[PDB]
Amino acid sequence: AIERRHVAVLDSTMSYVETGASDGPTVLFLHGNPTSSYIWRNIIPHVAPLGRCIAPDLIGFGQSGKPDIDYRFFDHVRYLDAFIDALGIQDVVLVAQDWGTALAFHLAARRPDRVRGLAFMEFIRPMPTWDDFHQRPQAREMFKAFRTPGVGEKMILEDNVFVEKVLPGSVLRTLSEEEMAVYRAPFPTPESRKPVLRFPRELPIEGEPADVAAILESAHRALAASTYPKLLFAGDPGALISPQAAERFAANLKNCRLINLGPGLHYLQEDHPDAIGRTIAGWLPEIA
C-alpha cells in the first residue's frame, strides 16, 4: 500500500510518496538539500503500519516540478503550505532533517494547533559565527565558497559537487552506484541545480541573510515554548549538530527525548534507517 503521486501546487506540481489511509496519525516527512522523499525509503516501512505516511519532494527536488522561481526558503514555505492545503492535511506528526527542520519549525510556529509531534535530526538554527556552522574547518571553507558569487555557481551548477561529493561524503556507508543515480536524477543540467545552490546561501550565518535569520529565530522561540512530544536523533560526530549540542538542546526543550544513534554524519537516514524507523514506530503510540 504505497504509491508515488503528483499534485498541482501553485504554478507547478509536487511529487510525493503516500502509504494511504490509516487509523493512526498522518506523518509528514521533510527532506533537505540535495535529497528528496527517496531518503526516507528505508524508514517509512517502519512507520506505515502505525500511520499514514506522506513524503513530498520539495519544489525543484526529486520528481517535483521545476518552476522559474528563486527557490529561497520562503518559496519552499509557500509551496509546502500549498501542498499541505492541496492534500487536505490537518493534524500532523512531522519527521524532518536539514532544511526540512526549518520548514517544520516555521510551520509549527504559525499552526501549533496542527502539530502533534516532531521527530527531527541535523536541524537548522541561527548561527552567530562560522564556528557555529558544522564541526570541521574544511567544511566551513567549502560552504563559504558555495556562498560566494561565481564560485558557488561553478562548484554547484557546473560541477554538481553537492550531489556528487557532499552528499556521499556525509554518509558513513558507501552509497551504491544505483542509489547515486537516483540522487543525481533530478539534477541533469546546471539550470536544474539552482535550488541546490540557493539553499546554502539561505543558511542564517552571522545574521545573513537577515530575513531567514529573523524567521528562524522566531521559529526557535516557538519551538522552545512548545509542549508537543519530540524526538531528537543525533549521530557522532554528526555534522550540523555535535553530540554535546544535541544533549543540551534536547535537555532544554520540553517533552523531548534524545536518541544517540552512534557513528554518523549528516544524512543519518542512510546509516541508521532501522533505528530511526523503529524508534519513531515505538514513539507514535505515545502520540495516539
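A residue's number is simply how far along the shown sequence it sits, counting from 1.
Of the two segments examined, 186-194 and 103-111, it is 186-194 that shows the higher average Cα temperature factor in the deposited entry. The mean Cα B-factor in the deposited entry runs higher for 46-54 than for the other of 32-40 and 46-54.
Listed residues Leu268, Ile280, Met14, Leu10 were ranked by CA B-factor as deposited; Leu10 comes out on top.
The entry assigns its greatest Cα B factor, within the set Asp81, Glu217, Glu122, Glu153, to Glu153. Sorting the modelled residues of the chain by their CA temperature factor places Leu118 in the lowest third. Compared with the other modelled residues of the chain, the Cα B-factor recorded for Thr174 ranks in the middle third. Annotation for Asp23: CA B-factor lies in the highest third of the chain's modelled residues. The PDB entry assigns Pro263 a C-alpha temperature factor belonging to the highest third of its chain's modelled residues. Among the modelled residues of its chain, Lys144 has a C-alpha B-factor that falls in the highest third according to the deposited record.
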